[PDB]
Structures are given as structure tokens and as C-alpha cells.
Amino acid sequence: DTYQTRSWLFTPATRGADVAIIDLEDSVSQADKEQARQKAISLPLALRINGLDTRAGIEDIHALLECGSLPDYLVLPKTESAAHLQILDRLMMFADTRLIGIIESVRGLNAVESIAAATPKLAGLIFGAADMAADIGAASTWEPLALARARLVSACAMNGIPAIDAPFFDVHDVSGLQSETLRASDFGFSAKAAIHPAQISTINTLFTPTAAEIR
């Protein structure tokens, strides 16, 4: 069940989080796509493939469908429409695998309601702050992205799926990590991505209900 997860940790395919995400995309160079790919083909496991509109992502999907083996969660970058998810859904249906979409673009953000409602196999949406800000021409800070975040959480809640917050960049700014994570929880995010295991415990704790609440 996707709602229980609190921490999603990105580690590149080349080489305690609640979910590990094997990454084929932005951490992986263009030259490394085939090597990271087949490595990955070899506790719930996620795989972020390259975008459907990339040759890398077509290759990734082809390899997945051939060598048989699939993660519990397929993470699709630059999810921009419900058709993005429905294509994956139909593709994965031949050969129990659930989808996670990333909302990292304006186009994606404008269609977020229909994206969140696209298919039962969708298990959550990740906010992509850095690309969202870059697409808009904004700073990565909270305030310019606050609209986007609130709109994302609402679409998730409307469809009974968790909103997963963007990763926090500064591994060294534990204060900043604590503040942003708390802000996301108050907004209604159920989880937050991460790019370093040092962030995990902070993230786990803050997205964990209190004994008072559990009662």
C-alpha cells in the first residue's frame, strides 16, 4: 500500500528508506543509459525510467518487456497527461505493477487533475520542484512553487493517492530539510523523495503519525 511509504530514495542504476528508486534518468549520463538499464533488470522497489518522449525511455520500456522482470513501482518522468499513464498501464498489463507519475512541468501541472484520475494502477505523484521551477523560469524556493504543490496535493487526495514531495537538495542543511519537510506535511504531502540516506530518518519521522493520532 503506497500511502504507508514516507521516504523515496533516488540511487542511480549504475553501481532505511521505505522505497528505493533505481534511477535511469537525470543522475545517469546519456552514455550510460544501456549499462544502467540492464543492471536494473537484474521491500518494494521502484524504477524511474527515462521519459516516454525520449529514445532512452523507449529503449527502457523495450528491455523491460523483453527480459520479463518488473519493479513494484514504475516511475515515469514528465507525466503530462492521463494518456502518459494509460499507455504504461496497457503496456505493463501483459507480462501487479503500479505507477508513479512525476509532475515536473507546466503542461503536467495544468493536467494534474486528469493525470491523478488516469488509472487505478497509479499509486502516487511525485512533485518535481527543480524542473517545475526551470520550466516556469522561477526560483526553486517554496513560495514560487506553493500553488503547484497545493494543486498537486488536492488532485492526489481527490483520487485517494499520496502526494510525494520533491527531494531537498542540501544534504548539509538539516535545518532547511526539516523546515521544508514539515511544510510539505502540513500541505498534505504523505511523503518526500530523497537523494541521500542522511535525509531518510528526518523524512520518516516527520511523515510518521504520533501515538496521540494513532489513538
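Numbers for residues come from their place in the sequence shown, where the first is 1.
Gap between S42 and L43: 4 to 9 deposited residues without coordinates. In terms of unmodelled positions of the deposited sequence, the chain runs continuously from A134 to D135 in this entry. Stretches compared: 22-30, 154-162. Higher mean C-alpha B-factor in the entry: 22-30. Per the PDB record, of the two stretches 185-193 and 171-179, 171-179 carries the greater mean B-factor over its C-alpha atoms. Of the candidates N110, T97, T79, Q86, the deposited coordinates give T97 the top C-alpha B factor.
Among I115, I126, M93, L145, the highest C-alpha B-factor in the deposited entry belongs to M93. The PDB entry assigns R149 a C-alpha temperature factor belonging to the lowest third of its chain's modelled residues.
Compared with the other modelled residues of the chain, the Cα B-factor recorded for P71 ranks in the highest third.
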